[PDB]
>>> print(open('start_14.pdb').read())   # PDB, C-alpha atoms
ATOM      1  CA  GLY A 103     -51.347  35.048   8.075  1.00  0.00           C
ATOM      2  CA  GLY A 104     -51.387  35.712   4.338  1.00  0.00           C
ATOM      3  CA  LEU A 105     -50.045  32.293   3.243  1.00  0.00           C
ATOM      4  CA  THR A 106     -48.432  33.255  -0.041  1.00  0.00           C
ATOM      5  CA  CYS A 107     -47.486  30.759  -2.745  1.00  0.00           C
ATOM      6  CA  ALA A 108     -44.062  29.248  -3.437  1.00  0.00           C
ATOM      7  CA  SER A 109     -42.145  27.800  -6.376  1.00  0.00           C
ATOM      8  CA  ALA A 110     -42.328  24.370  -8.031  1.00  0.00           C
ATOM      9  CA  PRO A 111     -40.881  21.357  -6.181  1.00  0.00           C
ATOM     10  CA  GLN A 112     -38.019  19.701  -8.008  1.00  0.00           C
ATOM     11  CA  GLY A 113     -38.286  16.080  -6.887  1.00  0.00           C
ATOM     12  CA  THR A 114     -40.618  13.891  -4.846  1.00  0.00           C
ATOM     13  CA  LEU A 115     -39.008  11.313  -2.570  1.00  0.00           C
ATOM     14  CA  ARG A 116     -41.169   8.225  -2.127  1.00  0.00           C
ATOM     15  CA  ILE A 117     -40.598   6.356   1.144  1.00  0.00           C
ATOM     16  CA  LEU A 118     -41.776   2.737   1.113  1.00  0.00           C
ATOM     17  CA  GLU A 119     -40.962  -0.477   2.977  1.00  0.00           C
ATOM     18  CA  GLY A 120     -38.158  -2.504   1.480  1.00  0.00           C
ATOM     19  CA  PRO A 121     -38.384  -5.699  -0.544  1.00  0.00           C
ATOM     20  CA  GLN A 122     -38.707  -8.932   1.380  1.00  0.00           C
ATOM     21  CA  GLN A 123     -35.096 -10.116   1.342  1.00  0.00           C
ATOM     22  CA  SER A 124     -33.970 -13.526   2.686  1.00  0.00           C
ATOM     23  CA  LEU A 125     -37.528 -14.874   2.328  1.00  0.00           C
ATOM     24  CA  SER A 126     -36.859 -17.271  -0.554  1.00  0.00           C
ATOM     25  CA  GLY A 127     -34.011 -19.743  -0.214  1.00  0.00           C
ATOM     26  CA  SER A 128     -31.352 -19.859  -2.915  1.00  0.00           C
ATOM     27  CA  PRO A 129     -31.986 -23.555  -3.647  1.00  0.00           C
ATOM     28  CA  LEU A 130     -35.540 -24.642  -4.373  1.00  0.00           C
ATOM     29  CA  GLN A 131     -37.533 -27.104  -2.255  1.00  0.00           C
ATOM     30  CA  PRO A 132     -39.582 -29.498  -4.407  1.00  0.00           C
ATOM     31  CA  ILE A 133     -41.952 -32.226  -3.358  1.00  0.00           C
ATOM     32  CA  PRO A 134     -39.862 -35.417  -3.614  1.00  0.00           C
ATOM     33  CA  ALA A 135     -40.613 -37.912  -6.343  1.00  0.00           C
ATOM     34  CA  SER A 136     -43.054 -40.647  -5.412  1.00  0.00           C
ATOM     35  CA  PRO A 137     -41.000 -43.850  -5.613  1.00  0.00           C
ATOM     36  CA  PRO A 138     -41.334 -46.386  -8.403  1.00  0.00           C
ATOM     37  CA  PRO A 139     -43.069 -49.580  -7.227  1.00  0.00           C
ATOM     38  CA  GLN A 140     -40.864 -52.355  -5.860  1.00  0.00           C
ATOM     39  CA  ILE A 141     -41.214 -56.086  -6.338  1.00  0.00           C
ATOM     40  CA  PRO A 142     -41.874 -57.017  -2.692  1.00  0.00           C
ATOM     41  CA  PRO A 143     -39.339 -59.252  -0.920  1.00  0.00           C
ATOM     42  CA  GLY A 144     -40.436 -62.759  -0.098  1.00  0.00           C
ATOM     43  CA  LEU A 145     -42.326 -63.799  -3.230  1.00  0.00           C
ATOM     44  CA  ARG A 146     -42.437 -67.528  -3.909  1.00  0.00           C
ATOM     45  CA  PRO A 147     -44.665 -69.988  -5.784  1.00  0.00           C
ATOM     46  CA  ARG A 148     -47.468 -70.882  -3.384  1.00  0.00           C
ATOM     47  CA  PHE A 149     -49.447 -72.832  -6.010  1.00  0.00           C
ATOM     48  CA  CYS A 150     -48.309 -76.393  -6.583  1.00  0.00           C
ATOM     49  CA  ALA A 151     -49.715 -78.232  -9.585  1.00  0.00           C
ATOM     50  CA  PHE A 152     -52.252 -80.804  -8.441  1.00  0.00           C
ATOM     51  CA  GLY A 153     -51.415 -84.486  -8.406  1.00  0.00           C
TER
ATOM     52  CA  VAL B  51     -54.933 -95.997 -12.552  1.00  0.00           C
ATOM     53  CA  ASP B  52     -52.086 -94.830 -10.296  1.00  0.00           C
ATOM     54  CA  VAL B  53     -53.412 -93.257  -7.102  1.00  0.00           C
ATOM     55  CA  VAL B  54     -50.972 -90.581  -5.957  1.00  0.00           C
ATOM     56  CA  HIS B  55     -52.558 -89.076  -2.856  1.00  0.00           C
ATOM     57  CA  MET B  56     -55.885 -89.928  -1.254  1.00  0.00           C
ATOM     58  CA  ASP B  57     -57.147 -88.641   2.071  1.00  0.00           C
ATOM     59  CA  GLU B  58     -60.451 -87.402   3.425  1.00  0.00           C
ATOM     60  CA  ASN B  59     -62.166 -85.034   0.966  1.00  0.00           C
ATOM     61  CA  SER B  60     -59.436 -85.222  -1.710  1.00  0.00           C
ATOM     62  CA  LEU B  61     -58.013 -87.611  -4.305  1.00  0.00           C
ATOM     63  CA  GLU B  62     -55.351 -87.345  -7.014  1.00  0.00           C
ATOM     64  CA  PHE B  63     -54.690 -90.205  -9.440  1.00  0.00           C
ATOM     65  CA  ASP B  64     -53.610 -91.042 -12.969  1.00  0.00           C
ATOM     66  CA  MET B  65     -55.326 -92.677 -15.918  1.00  0.00           C
ATOM     67  CA  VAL B  66     -52.657 -93.835 -18.356  1.00  0.00           C
ATOM     68  CA  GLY B  67     -53.816 -94.786 -21.828  1.00  0.00           C
ATOM     69  CA  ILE B  68     -57.308 -93.268 -22.053  1.00  0.00           C
ATOM     70  CA  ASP B  69     -58.366 -90.692 -24.629  1.00  0.00           C
ATOM     71  CA  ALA B  70     -59.859 -87.280 -23.852  1.00  0.00           C
ATOM     72  CA  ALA B  71     -63.417 -88.239 -24.793  1.00  0.00           C
ATOM     73  CA  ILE B  72     -63.796 -90.721 -21.907  1.00  0.00           C
ATOM     74  CA  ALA B  73     -61.729 -88.684 -19.434  1.00  0.00           C
ATOM     75  CA  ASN B  74     -63.841 -85.623 -20.116  1.00  0.00           C
ATOM     76  CA  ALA B  75     -66.927 -87.799 -19.675  1.00  0.00           C
ATOM     77  CA  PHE B  76     -65.733 -88.808 -16.191  1.00  0.00           C
ATOM     78  CA  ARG B  77     -64.933 -85.182 -15.312  1.00  0.00           C
ATOM     79  CA  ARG B  78     -68.272 -83.949 -16.584  1.00  0.00           C
ATOM     80  CA  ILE B  79     -70.222 -86.611 -14.740  1.00  0.00           C
ATOM     81  CA  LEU B  80     -68.402 -85.788 -11.465  1.00  0.00           C
ATOM     82  CA  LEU B  81     -69.339 -82.121 -11.785  1.00  0.00           C
ATOM     83  CA  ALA B  82     -72.922 -82.329 -12.999  1.00  0.00           C
ATOM     84  CA  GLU B  83     -74.410 -85.845 -12.998  1.00  0.00           C
ATOM     85  CA  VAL B  84     -73.403 -87.604  -9.754  1.00  0.00           C
ATOM     86  CA  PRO B  85     -76.346 -86.845  -7.446  1.00  0.00           C
ATOM     87  CA  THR B  86     -76.518 -85.526  -3.887  1.00  0.00           C
ATOM     88  CA  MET B  87     -78.930 -84.251  -1.243  1.00  0.00           C
ATOM     89  CA  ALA B  88     -79.398 -80.515  -0.678  1.00  0.00           C
ATOM     90  CA  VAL B  89     -81.891 -78.112   0.862  1.00  0.00           C
ATOM     91  CA  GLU B  90     -84.750 -77.101  -1.425  1.00  0.00           C
ATOM     92  CA  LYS B  91     -87.682 -75.732   0.584  1.00  0.00           C
ATOM     93  CA  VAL B  92     -87.431 -73.465   3.628  1.00  0.00           C
ATOM     94  CA  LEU B  93     -90.399 -72.827   5.935  1.00  0.00           C
ATOM     95  CA  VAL B  94     -89.860 -69.590   7.858  1.00  0.00           C
ATOM     96  CA  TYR B  95     -91.570 -68.188  10.943  1.00  0.00           C
ATOM     97  CA  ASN B  96     -90.082 -65.043  12.603  1.00  0.00           C
ATOM     98  CA  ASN B  97     -86.937 -64.418  10.678  1.00  0.00           C
ATOM     99  CA  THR B  98     -86.358 -61.183  12.594  1.00  0.00           C
ATOM    100  CA  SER B  99     -82.752 -61.083  11.373  1.00  0.00           C
TER
END
>>> encode(input="start_14.pdb", output="structure tokens")
Amino acid sequence: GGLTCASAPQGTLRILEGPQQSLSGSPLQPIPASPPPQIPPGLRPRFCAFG
Amino acid sequence: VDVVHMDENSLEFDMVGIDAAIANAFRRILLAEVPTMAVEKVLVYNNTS
């Protein structure tokens, strides 16, 4: 029950949970481009010149 | 004067050979000088609207 002292420890192993692999996909997923505005189909002159 | 299309509440015609100073006079008398009847005084009682 004396509990004598011991020598100096050489190395200290650190145990830790691993990096989060297979979380990010190898291609990227962007928000798609909002489309450029279209001229709508079915546009015709509705105004006739009077008389 | 060549009348093209006339029906109820519309008319379209020509005036060949008249200058702008008489044509504009006809236009500007149609818009602002030909008289009509229209409501002027209103006498309310219980407009609960």
>>> axis_aligned_box(input="start_14.pdb", around="segment 88-96 of chain B", padding_each_side="8 Å", output="lines of an AutoDock Vina configuration file")
center_x = -85.5
center_y = -72.8
center_z = 5.6
size_x = 28.2
size_y = 31.5
size_z = 30.0
>>> resolve_selection(input="start_14.pdb", expression="the ChimeraX specification (/B :<12) & /A", output="list in words")
residues 151, 152 and 153 of chain A
>>> atom_distance(input="start_14.pdb", atom1="atom CA of residue 85 of chain B", atom2="atom CA of residue 58 of chain B")
19.3 Å
>>> atom_distance(input="start_14.pdb", atom1="atom CA of residue 72 of chain B", atom2="atom CA of residue 149 of chain A")
27.9 Å
>>> atom_distance(input="start_14.pdb", atom1="atom CA of residue 78 of chain B", atom2="atom CA of residue 65 of chain B")
15.6 Å
>>> residues_around(input="start_14.pdb", residues="residue 66 of chain B", least_positions_apart="6", cutoff="12 Å", atoms="all atoms listed in the file", output="JSON, numbers by chain")
{"B": [51, 52, 53, 73]}
